[PDB]
């Protein structure tokens, strides 16, 4: 299923993002002078199941979670540098049941153990000065699709 997720907005998923689900987020642009950009996978109750804070100025990408009116837990970080590929950078998130796998353009995957046992009903996108385009293209799969030879 294809969605167009606009900045400082979100998209309500047709079906819940759950185990086996794959979300391929792709930007039509890369604004090198952009600021902190965030993507949140939210449950129906608006709990932040997966928070991805891309911070170029801090050279880090922070992952976390928290209930709608709860507090962030410990942060999980990785260097920002050498992760995205202009002019069409991408973010791929896969739900492996007990944890999410996040993959950017380069480098190894990031694995984030789930902290809230719920499926995502929406994906939000927030940024004052986004690093990516608005909207960003999002393809959500119920399961990993057949793969091309390359």
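Positions refer to the first chain, counted from 1.
Set 88-96 against 104-112 and average the Cα temperature factors; 104-112 ends up higher. For the two regions 18-26 and 127-135, the entry's Cα B-factors average higher over 127-135. In the PDB entry, the Cα temperature factor peaks, among 40, 37, 43, 32, at 32. Among all modelled residues in this chain, the alpha-carbon of residue 69 has a temperature factor (C-alpha) in the highest third. Per the PDB record, residue ranking by Cα B-factor puts residue 62 in the middle third of the chain. Among all modelled residues in this chain, the alpha-carbon of residue 122 has a temperature factor (C-alpha) in the lowest third. For residue 2, the recorded CA B-factor ranks within the lowest third of the chain. Only modelled residues enter the ranking. In the PDB entry, a CA B factor belonging to the lowest third of its chain's modelled residues is recorded for residue 54.
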